[PDB]
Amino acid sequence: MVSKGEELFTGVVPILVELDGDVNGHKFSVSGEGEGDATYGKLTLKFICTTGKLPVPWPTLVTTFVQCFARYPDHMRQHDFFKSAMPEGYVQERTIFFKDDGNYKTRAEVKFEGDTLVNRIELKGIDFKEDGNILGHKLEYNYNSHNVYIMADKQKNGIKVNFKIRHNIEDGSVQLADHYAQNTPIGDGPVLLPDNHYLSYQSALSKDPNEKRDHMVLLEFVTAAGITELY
C-alpha cells in the first residue's frame, strides 16, 4: 500500500525555499520557487538573492537548496526516510567543510505548508579566506554529478549522510566540499529507517535572460540506488 507520506508526492508539488545566511559576517537572504516531481526525481527551481549581490558563489549553495523529491524505485520504497517523515517534516543539519578554507553549518526544516513543500534554511559560514575560492568568487558556474551516501541512525530515529562535492575552479582545479549530515523527523510518529544506499544526483545551472537580480536557475535529477535474479 501507499503510505501517507508517499501519497503527498504522487503529482507535481510547488516548492518554496527560504534561506538566511551569514558567511564571515556577510549577511544575505535567498528566496527560491519552483516545483518537484518525485515520480521522475525532478527539481526545477529559481533562486533570487533578495539582499543584493550574493557574497559566495551560487554553486556552493546547491546542496543546501528537498530530498523528499528523490525518485525511489518501487523496490526501494521501504528505504525512503524523507517522504515517510511527511507532512510533519524533518530537520536536516549539515556541516560542509571547504578544503583549505572555511565551513558552512546549515539547519533546514523541510515540511508542508498546505500544498507547498517548504525548505527553510539557516546558514552560518566561518573561517573563510577573504581571497579564497569562495569569498574571492573563483568557482565556475557549473556542477558535477555526485552520489550521496545514506545510513540509518536508529538511536536518533533518523539518518546520517556523507558525501564529497567537487566544485570546478576557474583555473581547472577543484575545490572539495566535504558534507556531513543528519536528518531527523520533526514529528513523533514512525519513519522509515533505511538500509545503506545512495542517491545519484545530476544538476544543471543556468540563468534567466530576463532576470536582472542576482539569481540561479537549477534543474536537478535525483534517483535512489544501491539496493537490488528475476531475470
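One rule holds for the numbers: they count along the sequence shown, beginning at 1.
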item	value
Gap size, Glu229 back to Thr228 (deposited sequence, no coordinates)	4 to 9
Gap size between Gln202 and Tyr201, counted in deposited residues that the entry leaves unmodelled	none
Stretch exceeding the other in mean C-alpha B-factor - 191-199, 159-167	191-199
Stretch exceeding the other in mean C-alpha B-factor - 43-51, 181-189	181-189
Residue selected from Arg71, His79, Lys124, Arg107 by maximal Cα B factor	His79
Top residue by Cα temperature factor, when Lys138, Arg94, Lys154, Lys99 are compared in the entry	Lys154
Chain-relative CA temperature factor third for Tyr143	lowest
Cα B factor band for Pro209 (lowest, middle or highest third within the chain)	highest
Third of the chain, ranked by Cα B-factor, where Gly11 sits	highest
